[PDB]
Amino acid sequence: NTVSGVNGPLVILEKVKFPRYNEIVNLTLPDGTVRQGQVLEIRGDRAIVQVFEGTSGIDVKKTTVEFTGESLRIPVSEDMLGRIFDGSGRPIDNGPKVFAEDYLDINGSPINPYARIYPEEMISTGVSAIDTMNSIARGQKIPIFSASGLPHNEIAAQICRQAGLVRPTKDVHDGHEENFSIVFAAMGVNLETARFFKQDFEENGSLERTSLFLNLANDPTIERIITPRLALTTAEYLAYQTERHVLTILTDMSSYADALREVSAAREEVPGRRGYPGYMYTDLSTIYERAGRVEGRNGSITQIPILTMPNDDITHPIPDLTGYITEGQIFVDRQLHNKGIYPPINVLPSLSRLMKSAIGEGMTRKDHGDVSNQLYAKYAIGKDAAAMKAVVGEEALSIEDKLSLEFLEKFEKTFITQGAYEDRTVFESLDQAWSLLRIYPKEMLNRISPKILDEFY
Amino acid sequence: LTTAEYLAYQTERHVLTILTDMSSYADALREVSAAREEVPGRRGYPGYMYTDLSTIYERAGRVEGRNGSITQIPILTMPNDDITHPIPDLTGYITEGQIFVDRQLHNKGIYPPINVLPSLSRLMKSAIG
Amino acid sequence: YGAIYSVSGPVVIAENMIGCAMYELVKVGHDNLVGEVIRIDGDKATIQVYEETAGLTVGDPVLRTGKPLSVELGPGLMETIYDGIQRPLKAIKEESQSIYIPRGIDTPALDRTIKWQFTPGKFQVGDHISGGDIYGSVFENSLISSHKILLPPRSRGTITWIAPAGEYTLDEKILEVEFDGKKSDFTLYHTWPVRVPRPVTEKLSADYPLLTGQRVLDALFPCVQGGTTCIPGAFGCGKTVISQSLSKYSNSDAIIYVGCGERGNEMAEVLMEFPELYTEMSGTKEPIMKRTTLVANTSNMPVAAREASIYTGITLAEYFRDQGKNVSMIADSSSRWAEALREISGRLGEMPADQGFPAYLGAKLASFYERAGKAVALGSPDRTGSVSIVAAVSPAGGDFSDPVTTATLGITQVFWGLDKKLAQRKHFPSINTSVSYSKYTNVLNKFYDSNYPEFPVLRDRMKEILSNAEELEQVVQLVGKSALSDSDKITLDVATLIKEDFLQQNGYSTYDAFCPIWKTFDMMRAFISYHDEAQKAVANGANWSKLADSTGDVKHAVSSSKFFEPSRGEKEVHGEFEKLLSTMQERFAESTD
Amino acid sequence: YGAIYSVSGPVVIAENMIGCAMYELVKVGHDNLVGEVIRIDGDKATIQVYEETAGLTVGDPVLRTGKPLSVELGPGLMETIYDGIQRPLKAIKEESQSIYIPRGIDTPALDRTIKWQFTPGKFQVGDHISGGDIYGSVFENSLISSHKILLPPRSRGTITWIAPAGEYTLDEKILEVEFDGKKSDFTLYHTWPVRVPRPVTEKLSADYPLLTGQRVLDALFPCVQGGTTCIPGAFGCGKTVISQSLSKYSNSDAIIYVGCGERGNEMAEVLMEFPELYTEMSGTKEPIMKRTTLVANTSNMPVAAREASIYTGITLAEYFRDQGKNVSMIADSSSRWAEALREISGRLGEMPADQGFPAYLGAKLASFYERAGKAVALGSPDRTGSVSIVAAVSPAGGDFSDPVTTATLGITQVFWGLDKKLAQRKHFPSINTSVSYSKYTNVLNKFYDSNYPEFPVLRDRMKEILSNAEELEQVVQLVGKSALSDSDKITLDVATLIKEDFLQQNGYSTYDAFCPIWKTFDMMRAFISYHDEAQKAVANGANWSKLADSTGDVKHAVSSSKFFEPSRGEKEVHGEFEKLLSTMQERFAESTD
Amino acid sequence: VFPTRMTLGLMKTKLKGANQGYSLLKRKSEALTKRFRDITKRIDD
């Protein structure tokens, strides 16, 4: 029909009642430009659409509507790596075209087949603090919690690039037997960021390794929400049909959450805690549910979402929600970054509750998990002692505390300090970790089972 | 309370009525009026929460001609553990003093675990026998 | 029958409804999605459709089933996995080639494929029967009949026809009931709306031991059979971990696990782990699972399944209790259930309360907990059962004042904590005594004293030690360890040891092994003994250093004791714990003079 | 055309508005006030009118301008003071006897009195010409590159009429283009809606700095064109100074100054000061003002102009980027642009997010940052130009934890921490090495190493030395300076020279606050050679007192380094530094032995 | 954890207390260190 009105990202159509929920419609501007949207609400003889593309210039009887008569599905192909796409279901970059062999829905249940069997295969990042203290699995979800003084993009790229070199070393070990694929999606970040990422992937290896979805900040909030959904379709097909392990790097996850926030402000929808939607739980879930092993059980989708915290607080709604849902927490610290530690990952609150699922034992040691717990415990004591060193001085602290202050300093500067291309095998990391444990005496290492301490020291 | 008024006034009983738990009453007030014209006050608790309260306090007190009395001891649970919250706050203005419990004694193991510093009755000197 | 008027978000409005009950189950559209009638405005009934909608047309058909969202209670609930909208998940895998629910599937409530062996009751022809009576029984497990076939509540009469011993299917008739002619036939399953609690004979006092098998609960604040519990905490809290332990060790004859909107990998883990691991009272083929039924739901899976989870599960529990079983129901988390409501209040356009969660929250939680407790089973044989509810919640960023946690705490009588600082050092779950209480503690100690342990006497000193430890620690921080007295040093050490050896359930070889109330008691005898003898010693003149180095071996032993399997002399008193008692005695004396 | 339905506040709704776009410029009433349609409900268009809707009865006519609200891009920008939606303030002073624009007074965006000399390009009639190709140019400057006239972006065709060389007015046509009949006429300016980003050939990352001419910017963490940067606010006792100095000392081709919503004391100061001050590269004709184009809004100006302010400035910056020029956008302050959003929201009835600031805030900032950056300019022979945004973000809650600051820093890659105590004492600029960072460091340091400086070695070392000095200073307070080695004392001695010369610069003198990028590198060279040599010499047998007497003359020179002239033979190689190096090596043999 | 209503009144005066107290403790330390340097020299003599 024709546009009735427009109030923000919501568009009021006066139409007829034949449309179905999320059925595509195309808005024909008087310029003769077509932009796409999907109906968010339908009522009798009228619709509310949210348009992906644009949010202004929308007329009345000079404008027209046309129905596509297909509710939105993403055209998925398995020849997607190396190929440049834009976050809009097609490239607007003029990159190699998407093609379709299935079109798969982004609602969060197309044909979805996931974990009835939990991850047991270890996948390494080449970084000790990640791998040893928390571990990463063939379905693991780990949030990178970052800040406005940390460079989020440099760490994001760091984890991805080094996990591509380690992952074939692990294929030979028989941790794997199937392909590796990267799906990189950037949604609504700066130009400066976008360019940087592409440059990073090229240096380490190639861009044949990865598939790229690029979405620009100048493009709307409505576009931004569809951008990860496009990533999900890509990854699920690859795992399902061609038994490939898929690694998704989703940047920026915070970018996506602010978008949700905008479609409740310029909607009449009342928001929940701290101005973030009440139905914020469901929006976030959609990304995280579509993870784990994929049917055949040689395919998988593994997630590393990248969150930048704006206030850097742990009372902000985004970091909290994400944490309950995700299988691990990786906290990256501004204070380490300042001191000259790269990567500057603080493990004080980094925790996995699904620690068993995260570790490996058939392509990693059984001792891996036992040592990690002890290390974490001994790091924590070393932090309690650090605060006490400032207050009390060395004028009353105990013999035991002194060992823990030394351990803390040796631990930051050796374990967490690694070259920009220097990759550590998980077995070598144990040897490093054992050096860290070795200064404490056999009565301070009392919590650990006697069997392990007498065996390996 | 209507039943207490019958005994106190017709057959001259001293009635002690215990009304537990005022927190459940208060909650009920909030859930209703989410579909009337009347529309809740401060923090989603009714602004007319005070009117409700006052209907309970109405049938309490000394009785004319001195046939009996109804004395009332309500039990309020502070849900956030602060008395700056609506349930203690409105109720406290009506009431002639308050006796507030103590969190700290409890942990120690004491019973009854109340404290005396937040507890004061103003009409103490004149009231007593 | 009805015709869709509008779909605005997951909310659908359909005209041509002359009726419909509250929360009536419907199949909406040609797709046949789940719904319930929340409200009615005019002739147009607003029905929320809670299975994901990306393609429902206006003027699609609306079919009323004619009764509310309900559950089947009948044979083959055990070792059979279901959703919160009672669809068998296994049935879906085979048919659909969609391991999880895809958009638009309609699979019946039970398995009508598995024949079951029916034997007749003490009620033969011409005998009166009434709801909740044992009309018969079904063999389900290798050791016991799980599902006692009950006449449903709100049915009555005399039995004209009792089917004989043999195999039958679920939809075939097996019972005929006389009361105003053929009142109806009955089938093996019976139905019940899940917003109605099941009626009991009487509720009975809660004062009987509930052994959850975890050292840390037994030591500090045990639960009771009939219990209600709140547990907060936020990721790295060990809640999945304590569920798995809880299912293995649990003395209850049924455990019902409720996944309210879980990772999916978490559900995949617990499912695999029950048949991989062995039970403590023995279990022949899928050992732990024989006692376990899963209601599992993931984070984006239907909002109805997630909302109904606590009611589907509590109804199951009440039915097992009416059967005469002791049930431990674990729900994890009620907070994820609370998000389902936050979402419901926005969509409908009803006004919510604080934090954008509605005010009706408080009633709905309370209703769930009150149906729990210990009771005398409804039905003529008469038995004793319990439903002891352990309900997990999550703080909003370290804020325990958020409506969900405060509400649950309102209703509970037992509170068990969770401390973030202590989890970082790996001590989860982390329960102290300034974030936790139990009203059952007083009666519970009286019952344990009887059974053998000295527990009440040791419990009081144990509480004190922790309570003083915290306060003494604040002085170490600010002033330094230079303002302490020697007895206060003692309180600090014994405390650090307690933190590790009970609260930590983290491995170092193997995740820790079944520790009973008896085991737990021995640990307490050794820590409390250490503290008394040491303070005497310092009081009476002696070095701190001499005393701590000397305890040494004994400390390593208690740490690792829990990894070793129970019984090492006996369960009651181990030889390993017995011997330390002598060692302390020998040390105390060397020290004094 | 439309008729006014309601005027409720400054919001006016009008009926009978068809083919009304959603950014449509409209003129309300008989008076012709400026307004723009934010929303449309039905037949009725909801307009925010920026000027007073006093005297406007219901029934006045509403006349569409027939196109969105646009800004004009072309000759005669420089040396003009403008509104937030580009309206010459200067032109109102001539006519009205007013500084500001009062209600019912609108005028065109570019002056039509002024005529400029149009010179044709390399294309003639019958040539096909494409979007952004250089059709001609205007020359009216001699100090900087002028206004090179492009064919309007997203416009193609064959040129029917190319006007020959001669003076034409801005208003007057100089082009007709053949593209499906007569495409339209075009003029010397082009209109572009400002809430749409201007295209360029492609955008690139930044890599290319230019003369900042303030030593501290280059030295502590380099200043780059095509950058994203946060500078703290101070409300005109510190904010004003750094802004005035950045405009004056930076010899970037253009500078576009935007005052979003300022005190009015600051607006008043920037306009009077620009012709008065001298260029730092030579030339008169109102020195700095000739390079400057100003958008100057006090908070008193209409709220849509305050919101619009940055958008119009950014389009301006983007236009000059296609000519191939390096631009500094100096915007002050985003907190004040943000304040406008908050106001406009409450008037509409929009529900905001945290602290009363909308949710349009975070996406509008992200969109804004990306328009700014480095790009290869559009037009056939191609050049490189840049747009560098330095945006101040002031207190908006009395802290920097408010939504505007916290959002921006995140997208931003650079923070420069002004120091209040030093600022109140009138050292400008005085950037703190503790709070500050640049994530541009790496790529840039490699760029200067290419060009000729030893820059990576010196910058990194500059930072370490100062960080180290805070930590050694603490050892002097508590233990004493006498028990510490000569080496440590030296680490501090050098840090004090680095602090005095660079960081404590006074923008009230030009031999103390203007030196080229090479000159700034030569000074820093001088201090580093001394640190190493001083530590080397004390090790081989020298003392702090001995060292100080011995270095003498070179130490005095380095102290006196800032007072020296920008040249000595060249402004790129300062001969006095190159010879200083020799005097240092000769001094080190003498001192040590 | 803590009240959500009028923690601001008690907390505000604490915060001020702390920074004010800190400044003051620094002057008392400065005086104590001031005398200490002097007596160390006098005592050796």
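Note that the chains take the letters A, B, C, D and E in the order they are written out, and that residue 1 is the start of every chain.
One rule holds for everything that comes next: a contact is a pair of C-beta atoms (placed from the backbone, for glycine too) under 8 Å apart; a residue touches a chain by one contact, two chains touch by 3 or more.
> If you average all the Cα positions, which chain's own average lands nearest?
A
> Tell me which has more C-beta contacts between its two chains, A-C or B-E.
Counting C-beta pairs in contact, A-C comes out ahead.
> I'd like the Å distance between the centres of chain A and chain D, where a centre is the mean of that chain's Cα atoms.
35
> As a quick test, compute the distance in whole Å between the mean CA positions of chain B and chain D.
Result: the chain centres lie 64 Å from each other.
> If you average the CA atoms of chain A and of chain B, how many Å lie between those two points?
52
> List, in ascending order, every residue of chain E touching at least 2 other chains.
In chain E, the residues touching two or more other chains are 4.
> Which residues of chain B are in contact with two or more other chains?
Correct list: 80-81.
> Any two chains that touch count here, so list every such pair.
A-C, A-D, B-C, B-E, C-E
> Which residues, counting only chain C, touch chain B once they are in their complex?
Chain C reaches chain B through residues 350-354, 358-360, 362-363, 401, 406-407, 409-410, 433-434, 437, 460, 463, 467.
> Quick check: in the complex, which residue numbers of chain E touch chain B?
So the residues of chain E touching chain B come out as 3-6.
> Inside the complex, what are the residues of chain B that reach chain C?
23, 27, 30-31, 34-35, 39-40, 43-44, 77, 79-81, 106-109
> Can you tell me which positions in chain D touch chain A when the two form their complex?
Residues of chain D touching chain A: 17-23, 39-42, 68, 195, 197, 203-206, 228, 350-354, 358-360, 362-363, 366-367, 369-371, 373, 401, 403, 406-407, 409-413, 415, 437, 439.
> Residues of chain C touching chain E in their complex?
Its residues touching chain E are 398-401.
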